[PDB]
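S.K.: with the input below, show me the fold.
(chains A and B, ligands or ions: 2)
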Number of protein chains: 2
Amino acid sequence: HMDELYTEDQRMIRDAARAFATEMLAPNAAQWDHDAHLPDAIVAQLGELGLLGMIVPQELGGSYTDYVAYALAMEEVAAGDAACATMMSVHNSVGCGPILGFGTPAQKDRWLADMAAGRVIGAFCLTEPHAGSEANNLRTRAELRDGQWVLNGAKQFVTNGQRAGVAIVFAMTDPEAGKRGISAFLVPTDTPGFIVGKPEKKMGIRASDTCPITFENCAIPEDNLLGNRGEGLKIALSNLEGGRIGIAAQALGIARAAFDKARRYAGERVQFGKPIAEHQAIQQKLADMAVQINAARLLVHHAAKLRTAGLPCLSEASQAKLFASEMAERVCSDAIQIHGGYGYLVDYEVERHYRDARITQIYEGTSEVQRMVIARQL
Amino acid sequence: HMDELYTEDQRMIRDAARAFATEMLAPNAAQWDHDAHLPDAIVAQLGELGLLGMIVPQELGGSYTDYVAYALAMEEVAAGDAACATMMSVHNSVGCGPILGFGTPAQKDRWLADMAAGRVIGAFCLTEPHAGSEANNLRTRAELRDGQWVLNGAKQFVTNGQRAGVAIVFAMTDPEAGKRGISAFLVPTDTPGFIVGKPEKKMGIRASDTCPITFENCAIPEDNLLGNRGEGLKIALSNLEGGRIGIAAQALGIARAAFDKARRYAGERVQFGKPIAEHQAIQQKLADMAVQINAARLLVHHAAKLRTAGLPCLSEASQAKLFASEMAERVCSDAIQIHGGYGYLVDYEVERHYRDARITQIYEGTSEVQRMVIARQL
Ligand SMILES: Cc1cc2c(cc1C)N(C[C@H](O)[C@H](O)[C@H](O)COP(=O)(O)OP(=O)(O)OC[C@H]1O[C@@H](n3cnc4c(N)ncnc43)[C@H](O)[C@@H]1O)c1[nH]c(=O)[nH]c(=O)c1N2
Ligand SMILES: Cc1cc2c(cc1C)N(C[C@H](O)[C@H](O)[C@H](O)COP(=O)(O)OP(=O)(O)OC[C@H]1O[C@@H](n3cnc4c(N)ncnc43)[C@H](O)[C@@H]1O)c1[nH]c(=O)[nH]c(=O)c1N2
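M.R.: Numbering: from 1, shown residues only, chains lettered A, B, ... in the order given. Ligands and ions are numbered 1, 2, ... in the order given. Coordinates below:
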């Protein structure tokens, strides 16, 4: 559709991601939604295929080419299964990213290759029960006691919380310094004191494990400090562009899957003597869905090209995320409507798309936060 | 809020419906959604309280006062549990209605009192796998053989399909007459040949049993013809005003429940140093939710007053249904957004409201059909 605008590598990566999604994700997404569980074997396949190392340079064991290819791979994965896309976005951007940005050679050597291959899935632990959008108002603490960082507190909504091998954890080390008193820590998820609760019950992306985690004298070595002491907030904000490009692409992929079901259904479902695709009201909906999907893709790819070249792109990534997420609810709602009563049945799957899409306006910065960011830079 | 505009009876009925919903529906709605099942004991309580006879005159065993009181009772029930509201709307309008409109004295004597008290729940069987919005294109047949109407065919999406004691069933009796060749039948649901399939798996109103029903030489007495032969289509269209007023009120009630959770959450959840109700963006959302809810209520009550006086009100009821259903998705989406990440969790219940609300744009005539009807009468 847009292909002559893509390099051969980008096309190749897009094609491999789609073949994997068509074969391994789309037929099983309904089952995983019902089970609220993603098989470990599927995660391992995303790993083997290089989809969990797309932000890490090849020389360090990853599969980075450019951010356009990542955005393309993410759209295809999301179109197959939204929960896999969540897993993938978080693991790439806020699992690998911070270690790549701020890890020492020893830390990178221990972690990057394994994470990039998906042998070790990463989690990012910043949000707390009382603190989401105001991400700097933290109450989990870390104090250096007996040559160890000892963490105490509680994190909320940890994506990959059960399956993660390592957690990037943000805790207050120097209370009197406020926003400049937070630090980042690498915490093996088998460390005594690292207590993972039951996955939350959610409306959608039900197979993406999302867990509360409690830290009860969670003791790690002194060298598991990530970055400099007090640098925690910078580090927590250092991968917003990749994070938003990824979720924007996830929104795009979910919307697209629902649109593809609706176009198909419309060309086959006859009502009042014609396929319903021929009724003006359906035509109109389909046209609007295509427009919004294409506009979202272009926004995402724009932000991705900027990021590839190391250019400023926070606003552009936040626009993509905002637009893609809000349109995906609309596209998915119309997809349901085009199916009539069948749209509301679990068997027709557009209802799952609608449920999964809705989370994209909330995480990776709420729509309200995206607006603040875009406006503040005008 | 609006109370001085209501009669004392209307207020009394509203108050009793709300007390019942607060006590018996709202605490259990989450459980019934999870079980995809409405207890028989709750249905029987809706019966005892008079909520299942609100369209039938008191002298015939019902509780009819006026349609405003029905609209008020429906909003309160829906605010407690959407699945109960579906059950109630369908039972009142297209269960009792057609027997009241078109039944003989013998048929009314056998059925009305029992249905009005909820001892016998009614189902309405018109839609077929190939025929929804084009409701006159029917293929289930009924042929008078050996002093019996013998029905053969298939109906789709029968609300109350498992729990119904009697079904109003629409079948082709005289093929050569087209739209004027359809007839209506009263079919005890224990009649051999009346084969109820498993409830459908749905995104929401999961506790409202919605079943495919197959008719395999389903044989009933000749006198179970409802109305005159060929009158079936008229009868199927004879309660559209009540049906739409009811679902409009259901949409209204669901939206209102979600709005009430969001206002409450907003006054208690602090973020960036203030209750979030004080942030302009939340204020704006809350204001818009109230406006849409109030406008929907006024549309519903307008249609209800007209119907009470026996005045033409198809357009007005279809406006109410269209507006209330489309706004309810928006109000429920904002309700989720106001809760942030908690909005997506099953425990906070606004996600169930959002799932339940979505069906109101589809059944009781899709939004597209509502628009046709309103436009054709300008
Ligand atoms: C499934 C899932 C997965 C994840 C996460 C959530 C969920 C649901 N998140 C947490 C997520 O980032 C978080 O939910 C959002 O930041 C929103 O914060 P709260 O949930 O605290 O709502 P919060 O209380 O921040 O917001 C409530 C509402 O108020 C609004 N609001 C708040 N402040 C405002 C202001 N100043 N002006 C206007 N409006 C304002 C918001 O827009 C929102 O609509 C996370 N976190 C993490 O650390 N690691 C992870 O892996 C994940 N993953
Ligand atoms: C939970 C539940 C419960 C019930 C029901 C459904 C569900 C999901 N209904 C069936 C319901 O009334 C039905 O789904 C709608 O009439 C829509 O019809 P279809 O599902 O066949 O879609 P249909 O094929 O009619 O429509 C598909 C889409 O095309 C659009 N469309 C169709 N014709 C068009 C035209 N000419 N111009 C523009 N757009 C057009 C529609 O707006 C819709 O968006 C029912 N029925 C019943 O008999 N008894 C019952 O108890 C219930 N209850």
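S.K.: quick check: residues of the stretch 201-350 of chain A near ligand 1?
M.R.: For the stretch 201-350 of chain A, the contact set with ligand 1 under C-beta under 6 Å from any ligand atom comprises A:202, A:210. In this view, the C-beta of every residue, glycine as well, is placed from N, C-alpha and C.
S.K.: recalculate using a threshold of 8 Å.
M.R.: Within the stretch 201-350 of chain A, the positions adjacent to ligand 1 are A:202, A:205, A:208, A:210 by C-beta under 8 Å from any ligand atom.
S.K.: next, the second one: secondary structure please.
M.R.: Right, the one you point to is residue A:205. Put simply, residue A:205 is coil when judged by DSSP: H, G, I helix; E, B strand; the rest coil.
S.K.: so who does it touch?
M.R.: A:82, A:83, A:86, A:356, A:359 (C-beta atoms under 8 Å, 6 or more residues apart in numbering or on different chains).
S.K.: and for the last one?
M.R.: Under the criterion of C-beta under 8 Å, 6+ apart, the contact list for residue A:210 reads A:157, A:158, A:159, A:161, A:199, A:200, A:202.
S.K.: now for whatever residue of the stretch 51-200 of chain A ends up closest to ligand 2, how many residues are close by?
M.R.: Going by C-beta to the nearest ligand atom, ligand 2 is nearest to residue A:79 of the stretch 51-200 of chain A, at 22.8 Å. Taking other C-beta atoms under 10 Å in any protein chain shown as the criterion, the count of residues near residue A:79 is 28.
S.K.: I'd say it and residue A:258 touch.
M.R.: No. Checked against C-beta atoms under 8 Å, the pair residue A:79 and residue A:258 is beyond contact range at 9.3 Å.
S.K.: show me the contacts for the most centrally placed residue in chain A.
M.R.: By C-alpha atoms, centre = their mean, chain A has its centre lying nearest to residue A:89, at 3.2 Å. Contact analysis of residue A:89 by C-beta under 8 Å, 6+ apart lists A:74, A:243, A:246, A:247, A:249, A:250, A:364.
S.K.: let me have those in TSV, extended by neighbour count and secondary structure.
M.R.: Below are the contacts of residue A:89 laid out as TSV (neighbours: other C-beta atoms under 10 Å in any protein chain shown; DSSP: H, G, I helix; E, B strand; the rest coil):
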residue	neighbour count	secondary structure
A:74	29	helix
A:243	23	helix
A:246	34	helix
A:247	30	helix
A:249	33	helix
A:250	33	helix
A:364	27	coil
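S.K.: quick revisit: among the contacts of residue A:210, which are in strands?
M.R.: A:157, A:158, A:159 (DSSP state E).
S.K.: mind giving me the domain split of chain A?
M.R.: What curated CATH domains lists as the domains of chain A is A:1-121, A:122-228, A:231-378.
S.K.: first vs last residue of the shortest one, how far apart are they?
M.R.: Taking C-alpha to C-alpha, to the nearest Å as the measure, domain A:122-228 stretches 20 Å from start to finish.
S.K.: could you measure the residue of chain A positioned farthest from its centre against residue A:70, distance?
M.R.: Here chain A reaches farthest from its C-alpha mean at residue A:273, the gap being 43.6 Å by C-alpha atoms, centre = their mean. Separation of residue A:273 from residue A:70 (C-beta to C-beta, to the nearest Å) stands at 47 Å.
S.K.: cool, and residue A:121?
M.R.: 17 Å.
S.K.: find out how far stretch A:137-148 is from the centre of the chain, if you would.
M.R.: Distance of stretch A:137-148 from the chain centroid (C-alpha atoms, centre = their mean, to the nearest Å) equals 28 Å.
S.K.: got the buried residues for it?
M.R.: A:137, A:138, A:140, A:142, A:148 (16 or more other C-beta atoms under 10 Å in any protein chain shown).
S.K.: then stretch A:143-163?
M.R.: Within stretch A:143-163, judged by 16+ other C-beta under 10 Å, the buried ones are A:148-163.
S.K.: next: stretch A:333-347.
M.R.: Those would be A:333-345, for stretch A:333-347 by 16+ other C-beta under 10 Å.
S.K.: quick check: the farthest pair among those?
M.R.: The largest distance within these, taken as C-beta to C-beta, falls between A:334 and A:345 and amounts to 16.6 Å.
S.K.: which residues sit in contact with the closest residue to residue A:353 other than its chain neighbours?
M.R.: Leaving aside its chain neighbours, residue A:353 sits nearest to residue A:258 (3.9 Å; criterion: C-beta to C-beta, 6 or more residues apart in numbering or on different chains). Shown in contact with residue A:258 (C-beta under 8 Å, 6+ apart): A:331, A:332, A:335, A:336, A:350, A:353, A:354, A:357.
S.K.: residue B:369: which of those is nearest?
M.R.: Nearest to residue B:369 among these: residue A:336, at 15.8 Å, using C-beta to C-beta.
S.K.: that closest one and residue A:352 touch, don't they?
M.R.: No. Contact between residue A:336 and residue A:352 fails when scored by C-beta under 8 Å: they sit 10.5 Å apart.
S.K.: residues in contact with the closest residue to residue A:247 other than its chain neighbours?
M.R.: By the measure of C-beta to C-beta, 6+ apart, the closest residue to residue A:247 outside its immediate chain neighbours is residue A:364, 4.2 Å from it. When contacts are counted by C-beta under 8 Å, 6+ apart, residue A:364 touches A:89, A:243, A:244, A:246, A:247, A:321.
S.K.: how close does residue A:182 sit to residue A:134?
M.R.: Distance of residue A:182 to residue A:134, given as C-beta to C-beta: 13 Å.
S.K.: ok, these two, which is more surrounded?
M.R.: The residue with more neighbours, out of residue A:182 and residue A:134, is residue A:182; 28 against 14, by other C-beta under 10 Å.
S.K.: give me the number of residues near the residue lying closest to the more buried one once chain neighbours are set aside?
M.R.: Closest residue in space to residue A:182, ignoring its immediate chain neighbours: residue A:232 at 3.4 Å, by C-beta to C-beta, 6+ apart. By other C-beta under 10 Å, the residues close to residue A:232 number 31.
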